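For reference, the structure discussed in these notes is given below.
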Amino acid sequence: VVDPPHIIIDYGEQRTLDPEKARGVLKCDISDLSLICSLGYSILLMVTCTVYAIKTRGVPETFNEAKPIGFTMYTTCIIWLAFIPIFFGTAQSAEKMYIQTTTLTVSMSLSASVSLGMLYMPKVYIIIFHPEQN
Amino acid sequence: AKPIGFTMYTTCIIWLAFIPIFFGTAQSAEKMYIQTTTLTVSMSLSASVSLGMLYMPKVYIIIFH
Amino acid sequence: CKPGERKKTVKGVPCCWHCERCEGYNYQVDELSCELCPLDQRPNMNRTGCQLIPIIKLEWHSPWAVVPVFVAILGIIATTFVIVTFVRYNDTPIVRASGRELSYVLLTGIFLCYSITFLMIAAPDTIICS
Ligand SMILES: O=C(Nc1ccc(Oc2ccc(Cl)cn2)c(Cl)c1)c1ccccn1
């Protein structure tokens with residue numbers, strides 16, 4: 001509502017002394033503060049879920065799936081704690097946009113892979129390969 | 001098995017984070033400072049992760065229990 | 001004076017002016033002074049005009065995009081396999097003990113992560129940022 005999305009052609013912002021080297025860059029707003037603001041709520045959910053996992057270690061094993069949850073949360077927190085310095089360190093660079101895009105996509109793929117694998121793959125393996133104990 | 005897996009995972013994350021911060025920099029006067037600090041902190045972090053995940057629990061049990 | 005050279009006249013003698021080539025980001029339309037091309041475009045080779053600065057984006061065939069796209073395809077295939085496996089064996093005790101509904105929500109989250117990798121790679125044409 002506040003501001004509809006629009007594209008920006010940075011015809012400048014990379015002006016060099018050689019007129020041949022001049023290049024415009026096609027982008028769409030999406031400044032760094034926007035990325036941080038859009039990811040903040042999910043990161044807060046992450047942190048509180050990890051807090052509850054820390055607070056719930058130790059179970060009569062009737063409540064299974066707590067132990068895999070702990071590993072998933074620790075792994076994901078490590079991923080994003082590593083992500084932050086890369087975003088704040090390549091801010092002034094000649095190829096900032098490529099690195100930031102690749103970093104964000106790789107981080108999200110890694111998080112999804114960790115959750116999917118470590119919470120579902122044993123079950124699939126048992127279901128197909130060992131139907132006797134399903 | 002679990003400490004070794006955790007150690008590998010954390011070290012791999014550290015070095016995959018090291019590569020873009022190190023090889024892409026503001027190409028300015030403070031480039032040597034940034035590169036040196038990044039390298040040294042990465043190496044120390046890897047060493048500390050190995051030490052913590054392989055030896056600290058055993059020392060804790062030996063001394064305090 | 002040749003094209004791209006600027007004329008300056010010695011006082012007292014209308015003849016034998018001086019020529020001057022101006023600078024990189026200037027073009028000479030007055031034949032006595034050289035103007036400046038705006039930020040959008042760039043001085044022409046002849047030094048009396050302007051040419052548009054080329055625009056660059058992120059392209060699908062670049063090395064920056066081949067790796068995330070590969071990972072996204074592999075992950076999407078794996079998640080689809082898992083979802084279908086759950087769908088066929090919906091009444092089995094393991095799936096019933098997995099917490100079915102919230103498991104489906106989590107699977108949707110994983111699928112969305114891979115899809116957003118695709119979106120971020122794709123292109124800047126207004127609706128994509130939406
Ligand atoms: O994105 C990550 N890691 C990464 C690794 C290599 C990369 O490749 C390049 C290529 C050239 C230059 Cl100058 C710089 N980096 C790039 Cl962009 C990124 C990452 C790593 C750990 C956790 C989360 N995310």
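Every chain in the structure tokens has a letter given in the order shown (A, B, ...), and although residue numbers restart at 1 in each chain, ligands are simply numbered from 1 in the order shown.
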Based on only C-alpha atoms, which of the residues in chain A come within 7 Å of chain B? I want them as a VMD selection string.
chain A and resid 82 86 89 to 90 92 to 93
Could you save those same residues with N, CA, C and O atoms as a PDB file, in the first residue's frame?
```pdb
ATOM      1  N   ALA A  82      26.223 -16.999   9.839  1.00  0.00           N
ATOM      2  CA  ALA A  82      27.291 -16.830   8.857  1.00  0.00           C
ATOM      3  C   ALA A  82      26.868 -15.903   7.724  1.00  0.00           C
ATOM      4  O   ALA A  82      27.698 -15.181   7.163  1.00  0.00           O
ATOM      5  N   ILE A  86      28.615 -11.681   5.532  1.00  0.00           N
ATOM      6  CA  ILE A  86      28.824 -11.573   4.092  1.00  0.00           C
ATOM      7  C   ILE A  86      28.029 -10.409   3.528  1.00  0.00           C
ATOM      8  O   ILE A  86      28.528  -9.638   2.702  1.00  0.00           O
ATOM      9  N   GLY A  89      29.615  -7.151   4.626  1.00  0.00           N
ATOM     10  CA  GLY A  89      31.018  -6.989   4.299  1.00  0.00           C
ATOM     11  C   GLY A  89      31.294  -6.694   2.842  1.00  0.00           C
ATOM     12  O   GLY A  89      32.275  -6.019   2.520  1.00  0.00           O
ATOM     13  N   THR A  90      30.445  -7.194   1.947  1.00  0.00           N
ATOM     14  CA  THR A  90      30.558  -6.905   0.524  1.00  0.00           C
ATOM     15  C   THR A  90      29.737  -5.689   0.109  1.00  0.00           C
ATOM     16  O   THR A  90      29.370  -5.575  -1.066  1.00  0.00           O
ATOM     17  N   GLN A  92      30.492  -2.419  -0.128  1.00  0.00           N
ATOM     18  CA  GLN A  92      31.228  -1.590  -1.078  1.00  0.00           C
ATOM     19  C   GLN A  92      32.122  -2.518  -1.887  1.00  0.00           C
ATOM     20  O   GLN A  92      33.192  -2.920  -1.429  1.00  0.00           O
ATOM     21  N   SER A  93      31.677  -2.862  -3.091  1.00  0.00           N
ATOM     22  CA  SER A  93      32.408  -3.789  -3.941  1.00  0.00           C
ATOM     23  C   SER A  93      32.008  -3.539  -5.386  1.00  0.00           C
ATOM     24  O   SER A  93      31.014  -2.867  -5.669  1.00  0.00           O
TER      25      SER A  93
END
```
Show me, as a ChimeraX atom specification, every residue of chain A with an atom at most 9 Å from chain C, counting only C-alpha atoms.
/A:4-7,9-12,15,17-20,22-30,65,98-99,101-102,104-106,108-109,111-113,115-116,120-121,123-124,127-128,134
Can you write out the residues you just picked, keeping C-alpha atoms, as a PDB file, in the first residue's frame?
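Saved result, out_10.pdb, follows:
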```
ATOM      1  CA  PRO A   4       4.012   0.141  -5.282  1.00  0.00           C
ATOM      2  CA  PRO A   5       7.057  -1.699  -6.647  1.00  0.00           C
ATOM      3  CA  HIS A   6       8.908  -0.043  -9.526  1.00  0.00           C
ATOM      4  CA  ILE A   7      12.117  -0.737 -11.415  1.00  0.00           C
ATOM      5  CA  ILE A   9      17.826   1.724 -14.223  1.00  0.00           C
ATOM      6  CA  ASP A  10      20.989   3.000 -12.547  1.00  0.00           C
ATOM      7  CA  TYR A  11      22.301   4.683 -15.678  1.00  0.00           C
ATOM      8  CA  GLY A  12      24.850   6.265 -13.374  1.00  0.00           C
ATOM      9  CA  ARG A  15      30.422   6.374 -13.979  1.00  0.00           C
ATOM     10  CA  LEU A  17      36.525   8.277 -16.780  1.00  0.00           C
ATOM     11  CA  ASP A  18      36.476   6.050 -19.871  1.00  0.00           C
ATOM     12  CA  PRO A  19      33.196   6.628 -21.755  1.00  0.00           C
ATOM     13  CA  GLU A  20      33.453   3.075 -23.110  1.00  0.00           C
ATOM     14  CA  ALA A  22      30.069   3.305 -18.752  1.00  0.00           C
ATOM     15  CA  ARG A  23      27.321   0.820 -17.884  1.00  0.00           C
ATOM     16  CA  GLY A  24      23.840   1.137 -16.474  1.00  0.00           C
ATOM     17  CA  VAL A  25      22.478  -1.555 -14.164  1.00  0.00           C
ATOM     18  CA  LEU A  26      18.866  -2.769 -14.210  1.00  0.00           C
ATOM     19  CA  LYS A  27      17.370  -3.400 -10.747  1.00  0.00           C
ATOM     20  CA  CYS A  28      14.181  -2.768  -8.747  1.00  0.00           C
ATOM     21  CA  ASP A  29      14.527  -0.831  -5.471  1.00  0.00           C
ATOM     22  CA  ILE A  30      15.068  -3.756  -3.064  1.00  0.00           C
ATOM     23  CA  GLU A  65      11.191 -35.710  16.983  1.00  0.00           C
ATOM     24  CA  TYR A  98      25.874 -10.798  -7.964  1.00  0.00           C
ATOM     25  CA  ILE A  99      27.366 -11.844  -4.632  1.00  0.00           C
ATOM     26  CA  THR A 101      21.867 -12.560  -4.961  1.00  0.00           C
ATOM     27  CA  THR A 102      23.923 -15.758  -4.931  1.00  0.00           C
ATOM     28  CA  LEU A 104      20.642 -15.198  -0.468  1.00  0.00           C
ATOM     29  CA  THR A 105      19.581 -17.970  -2.853  1.00  0.00           C
ATOM     30  CA  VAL A 106      22.241 -20.385  -1.575  1.00  0.00           C
ATOM     31  CA  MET A 108      17.642 -20.382   1.505  1.00  0.00           C
ATOM     32  CA  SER A 109      18.350 -23.551  -0.489  1.00  0.00           C
ATOM     33  CA  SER A 111      18.090 -24.166   5.008  1.00  0.00           C
ATOM     34  CA  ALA A 112      15.336 -25.923   3.057  1.00  0.00           C
ATOM     35  CA  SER A 113      17.608 -28.884   2.329  1.00  0.00           C
ATOM     36  CA  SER A 115      15.020 -29.262   7.218  1.00  0.00           C
ATOM     37  CA  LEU A 116      13.699 -31.552   4.474  1.00  0.00           C
ATOM     38  CA  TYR A 120      11.768 -36.521   6.381  1.00  0.00           C
ATOM     39  CA  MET A 121      14.334 -38.701   4.594  1.00  0.00           C
ATOM     40  CA  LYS A 123      10.851 -41.910   7.103  1.00  0.00           C
ATOM     41  CA  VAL A 124      10.821 -42.192   3.301  1.00  0.00           C
ATOM     42  CA  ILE A 127       8.607 -46.631   4.022  1.00  0.00           C
ATOM     43  CA  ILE A 128       9.972 -47.826   0.679  1.00  0.00           C
ATOM     44  CA  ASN A 134       5.790 -49.533   8.879  1.00  0.00           C
TER      45      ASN A 134
END
```
Env of residue 21 (chain C): 7 Å cut, atoms = only C-alpha atoms, seq-sep filter 6 positions within chain, self excluded. Answer as a PyMOL selection string.
chain C and resi 4-6
Those same residues, written as a PDB file, in the first residue's frame with N, CA and C atoms?
```pdb
ATOM      1  N   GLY C   4      35.232  17.701 -33.516  1.00  0.00           N
ATOM      2  CA  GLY C   4      35.647  17.419 -32.163  1.00  0.00           C
ATOM      3  C   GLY C   4      36.683  18.371 -31.613  1.00  0.00           C
ATOM      4  N   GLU C   5      37.092  19.373 -32.385  1.00  0.00           N
ATOM      5  CA  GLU C   5      38.016  20.401 -31.936  1.00  0.00           C
ATOM      6  C   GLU C   5      37.275  21.720 -31.782  1.00  0.00           C
ATOM      7  N   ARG C   6      37.648  22.487 -30.764  1.00  0.00           N
ATOM      8  CA  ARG C   6      36.944  23.703 -30.390  1.00  0.00           C
ATOM      9  C   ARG C   6      37.772  24.925 -30.764  1.00  0.00           C
TER      10      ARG C   6
END
```
Per DSSP on the backbone, what are the strand (DSSP E) residues of region 7-134 of chain A, as a ChimeraX atom specification?
/A:8-10,24-27
For the residues in that selection, give me N, CA, C and O atoms as a CSV table (one decimal), in the first residue's frame.
```csv
chain,number,residue,atom,x,y,z
A,8,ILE,N,14.2,0.4,-11.4
A,8,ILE,CA,15.2,1.5,-11.5
A,8,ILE,C,16.3,1.1,-12.4
A,8,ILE,O,16.9,0.0,-12.2
A,9,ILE,N,16.6,1.9,-13.4
A,9,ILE,CA,17.8,1.7,-14.2
A,9,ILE,C,18.9,2.7,-13.7
A,9,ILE,O,18.8,3.9,-13.9
A,10,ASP,N,19.9,2.2,-13.0
A,10,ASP,CA,21.0,3.0,-12.5
A,10,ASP,C,21.9,3.2,-13.8
A,10,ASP,O,22.8,2.5,-14.1
A,24,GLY,N,25.0,1.1,-17.4
A,24,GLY,CA,23.8,1.1,-16.5
A,24,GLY,C,23.5,-0.3,-16.0
A,24,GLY,O,23.8,-1.2,-16.6
A,25,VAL,N,22.9,-0.3,-14.8
A,25,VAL,CA,22.5,-1.6,-14.2
A,25,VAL,C,21.0,-1.6,-14.0
A,25,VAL,O,20.4,-0.6,-13.4
A,26,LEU,N,20.3,-2.7,-14.4
A,26,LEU,CA,18.9,-2.8,-14.2
A,26,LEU,C,18.5,-3.5,-12.9
A,26,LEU,O,19.0,-4.6,-12.7
A,27,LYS,N,17.8,-2.8,-12.0
A,27,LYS,CA,17.4,-3.4,-10.7
A,27,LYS,C,16.0,-2.9,-10.4
A,27,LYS,O,15.3,-2.2,-11.2
```
Quick one: of B:47, B:60, B:65, B:12, who's nearest to ligand 1, counting only C-alpha atoms and all ligand atoms?
B:12
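The space between atom 1 (O, counted along the ligand's line) of ligand 1 and CA of residue 11 (chain B) spans 14.3 Å.
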Identify which of the residues A:72, A:42, A:107, A:16 lies closest to ligand 1, counting only C-alpha atoms and all ligand atoms when measuring atom-to-atom distances.
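Under the stated criterion, the closest residue is A:107.
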